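Visitor: The following file, data.cif, comprises mmCIF, C-alpha atoms:
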```cif
data_model
#
loop_
_atom_site.label_atom_id
_atom_site.label_comp_id
_atom_site.auth_asym_id
_atom_site.auth_seq_id
_atom_site.Cartn_x
_atom_site.Cartn_y
_atom_site.Cartn_z
CA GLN M 207 45.48 -16.56 -44.39
CA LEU M 208 42.26 -16.11 -42.37
CA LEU M 209 39.79 -16.26 -45.30
CA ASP M 210 41.49 -19.47 -46.55
CA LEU M 211 40.96 -21.07 -43.13
CA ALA M 212 37.31 -20.01 -42.94
CA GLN M 213 36.60 -21.72 -46.29
CA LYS M 214 38.76 -24.63 -45.02
CA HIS M 215 36.87 -25.19 -41.73
CA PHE M 216 33.56 -23.24 -41.70
CA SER M 217 32.24 -24.20 -45.17
CA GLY M 218 29.52 -26.77 -44.64
CA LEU M 219 26.76 -24.57 -43.21
CA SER M 220 25.13 -23.97 -46.67
CA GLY M 221 23.54 -26.60 -49.04
CA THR M 222 20.17 -25.13 -48.05
CA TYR M 223 19.61 -22.83 -44.98
CA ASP M 224 17.07 -20.67 -43.01
CA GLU M 225 13.77 -20.47 -45.09
CA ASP M 226 11.27 -22.15 -42.66
CA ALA M 227 12.29 -20.33 -39.41
CA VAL M 228 13.39 -16.66 -39.79
CA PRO M 229 13.98 -15.33 -36.19
CA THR M 230 14.24 -11.48 -35.94
CA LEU M 231 14.20 -9.76 -32.51
CA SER M 232 11.04 -7.92 -31.45
CA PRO M 233 11.60 -4.61 -29.51
CA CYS M 234 11.57 -4.67 -25.67
CA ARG M 235 9.25 -2.32 -23.75
CA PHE M 236 11.03 -0.37 -21.00
CA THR M 237 9.02 0.29 -17.84
CA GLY M 238 9.61 2.98 -15.24
CA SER M 239 9.54 0.75 -12.21
CA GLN M 240 11.18 -0.24 -8.91
CA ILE M 241 12.52 -3.47 -7.43
CA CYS M 242 13.43 -3.32 -3.74
CA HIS M 243 15.02 -6.36 -2.10
CA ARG M 244 15.26 -5.26 1.54
CA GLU M 245 18.02 -7.15 3.35
CA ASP M 246 19.31 -5.57 6.59
CA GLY M 247 21.77 -8.44 7.14
CA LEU M 248 23.98 -7.14 4.31
CA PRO M 249 26.61 -4.51 5.37
CA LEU M 250 26.20 -2.09 2.38
CA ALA M 251 23.32 -1.12 0.07
CA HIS M 252 23.42 -1.51 -3.71
CA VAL M 253 21.43 0.78 -6.01
CA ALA M 254 21.19 0.75 -9.83
CA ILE M 255 19.15 3.56 -11.40
CA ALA M 256 18.57 3.84 -15.20
CA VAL M 257 16.44 5.50 -17.88
CA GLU M 258 15.83 3.99 -21.34
CA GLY M 259 18.82 4.41 -23.65
CA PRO M 260 18.59 4.46 -27.48
CA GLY M 261 20.60 1.34 -28.47
CA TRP M 262 23.80 0.32 -30.33
CA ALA M 263 23.22 2.14 -33.67
CA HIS M 264 22.04 5.61 -32.43
CA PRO M 265 24.56 8.46 -33.15
CA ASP M 266 23.89 10.18 -29.79
CA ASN M 267 25.43 7.32 -27.74
CA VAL M 268 28.70 9.30 -28.11
CA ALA M 269 27.20 12.43 -26.44
CA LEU M 270 25.65 10.37 -23.60
CA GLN M 271 29.02 8.74 -22.96
CA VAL M 272 30.72 12.18 -22.70
CA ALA M 273 28.20 13.21 -20.00
CA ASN M 274 28.70 9.83 -18.27
CA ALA M 275 32.43 10.62 -18.28
CA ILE M 276 31.78 14.10 -16.72
CA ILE M 277 29.93 12.35 -13.87
CA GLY M 278 32.45 9.46 -14.15
CA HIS M 279 33.08 6.84 -11.46
CA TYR M 280 34.39 6.71 -7.89
CA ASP M 281 35.94 4.26 -5.50
CA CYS M 282 37.20 4.62 -1.89
CA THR M 283 40.76 3.62 -3.04
CA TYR M 284 40.99 6.60 -5.49
CA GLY M 285 43.73 9.02 -4.57
CA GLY M 286 41.94 12.15 -5.82
CA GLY L 1 12.00 11.76 16.12
CA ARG L 2 13.20 8.90 13.90
CA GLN L 3 14.23 9.03 10.22
CA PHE L 4 14.54 6.38 7.49
CA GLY L 5 17.56 4.10 7.99
CA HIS L 6 17.06 4.09 11.79
CA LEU L 7 13.50 2.70 12.10
CA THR L 8 13.71 -1.13 12.25
CA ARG L 9 15.34 -4.43 11.05
CA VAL L 10 13.62 -5.99 8.00
CA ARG L 11 15.00 -8.99 6.07
CA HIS L 12 14.21 -10.82 2.77
CA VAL L 13 11.25 -8.74 1.53
CA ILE L 14 11.01 -7.75 -2.15
CA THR L 15 8.73 -4.80 -3.14
CA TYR L 16 7.84 -4.43 -6.86
CA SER L 17 6.49 -0.99 -7.79
CA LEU L 18 5.36 0.83 -10.95
CA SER L 19 5.81 4.44 -12.10
CA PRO L 20 2.55 6.49 -11.84
CA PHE L 21 3.05 7.44 -15.51
CA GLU L 22 2.98 3.73 -16.57
CA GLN L 23 -0.23 2.87 -14.66
CA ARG L 24 -3.83 4.14 -14.52
CA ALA L 25 -5.10 6.03 -11.44
CA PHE L 26 -8.54 4.33 -11.41
CA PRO L 27 -7.79 0.70 -12.50
CA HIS L 28 -11.23 -0.91 -11.96
CA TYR L 29 -13.02 1.93 -10.16
CA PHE L 30 -16.60 0.62 -10.14
CA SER L 31 -16.02 -3.05 -11.13
CA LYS L 32 -13.66 -3.69 -8.13
CA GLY L 33 -14.80 -0.70 -6.03
CA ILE L 34 -18.59 -1.27 -5.60
CA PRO L 35 -18.10 -4.97 -4.38
CA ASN L 36 -15.49 -3.71 -1.86
CA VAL L 37 -17.60 -0.98 -0.16
CA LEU L 38 -20.55 -3.43 0.16
CA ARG L 39 -18.12 -6.00 1.67
CA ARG L 40 -16.85 -3.60 4.41
CA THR L 41 -20.37 -2.24 5.11
CA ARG L 42 -21.43 -5.90 5.69
CA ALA L 43 -18.33 -6.41 7.86
CA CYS L 44 -19.40 -3.53 10.19
CA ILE L 45 -23.24 -2.93 10.09
CA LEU L 46 -23.67 -5.15 13.18
CA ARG L 47 -21.28 -2.89 15.23
CA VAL L 48 -22.09 0.62 13.90
CA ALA L 49 -25.92 0.52 13.27
CA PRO L 50 -27.60 -1.10 16.42
CA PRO L 51 -26.69 1.92 18.72
CA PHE L 52 -28.03 4.42 16.11
CA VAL L 53 -31.23 2.38 15.45
CA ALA L 54 -31.59 2.33 19.30
CA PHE L 55 -31.17 6.14 19.42
CA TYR L 56 -33.69 6.51 16.54
CA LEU L 57 -36.31 4.55 18.57
CA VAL L 58 -35.50 6.53 21.77
CA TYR L 59 -35.76 9.72 19.63
CA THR L 60 -39.02 8.73 17.78
CA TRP L 61 -40.80 7.60 21.01
CA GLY L 62 -39.51 10.58 23.07
CA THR L 63 -40.76 13.18 20.57
CA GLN L 64 -44.17 11.37 20.37
CA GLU L 65 -44.53 11.21 24.21
CA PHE L 66 -43.56 14.93 24.56
CA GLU L 67 -46.46 16.07 22.30
CA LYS L 68 -49.07 13.73 23.85
CA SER L 69 -48.59 14.75 27.53
CA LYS L 70 -49.88 18.37 27.84
CA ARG L 71 -53.29 17.63 26.20
CA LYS L 72 -56.07 15.94 28.27
CA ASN L 73 -59.49 14.47 27.36
CA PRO L 74 -61.25 14.93 30.81
CA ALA L 75 -61.21 18.18 32.90
#
```
With the file now loaded, output its structure as structure tokens.

Guide:
Amino acid sequence: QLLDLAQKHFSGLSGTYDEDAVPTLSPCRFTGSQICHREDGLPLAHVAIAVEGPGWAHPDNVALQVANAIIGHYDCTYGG
Amino acid sequence: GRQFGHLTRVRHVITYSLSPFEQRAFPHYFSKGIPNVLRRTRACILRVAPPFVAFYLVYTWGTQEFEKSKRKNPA
């Protein structure tokens, strides 16, 4: 049903395509750095701290996620 | 004694910093450095030097006058 509809409504993006402008993503350099927006008029401070992760495809995203689960998450409304 | 978080009120100031492992310790050591030392020598030679140059003259004359005082040409 779905494949029929895709030929029914999405066909008409061929004829001739790409060729002249092939746009592949270049890698993005991670920098160990700090951004500090001091604002004492805001009631509570927000901090986000991160190292460079490996990316979508890497098999060891599973193992990192397990450790991230061990640390987990908290919230003042949690019963625990 | 005061600690961080109790010092003062500061608002709307962003500080961008780099890791010491991403940046060089001596960026332009001689190229930026040499002009800078000359600049702050120039900024202060008129306040630091004129008392020392004055001491040097009071020292050079004083030592000279001490030697040529005991000796005498007539009896």

Visitor: With all atoms listed in the file as the basis for distance, which of M:245, M:284, M:251, M:271 is at the shortest distance from chain L?

Guide: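 Ranked by minimum distance to chain L, first place goes to M:245.
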
Visitor: Evaluate the PyMOL selection byres ((chain M) within 10 of (chain L)) and record the selected residues as a PyMOL selection string, following the chain and residue labels used in the document.

Guide: chain M and resi 237-248

Visitor: In Å to one decimal, how far is atom CA of residue M:257 from atom CA of residue M:269?

Guide: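 So the answer is 15.4 Å.
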
Visitor: Could you tell me how far atom CA of residue L:53 lies from atom CA of residue L:66, in Å and to one decimal?

Guide: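 Result for atom CA of residue L:53 versus atom CA of residue L:66: 19.8 Å, one decimal.
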
Visitor: Need the axis-aligned box for stretch 219-234 of chain M with 6 Å each side, so what are the centre and edges in Å to one decimal, as lines of an AutoDock Vina configuration file?

Guide:
```
center_x = 18.9
center_y = -15.6
center_z = -37.4
size_x = 27.7
size_y = 34.0
size_z = 35.4
```

Visitor: Have a look at atom CA of residue M:279 and atom CA of residue M:256 and let me know their distance in Å, one decimal.

Guide: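 Taking atom CA of residue M:279 as the start and atom CA of residue M:256 as the end point, the length is 15.3 Å.
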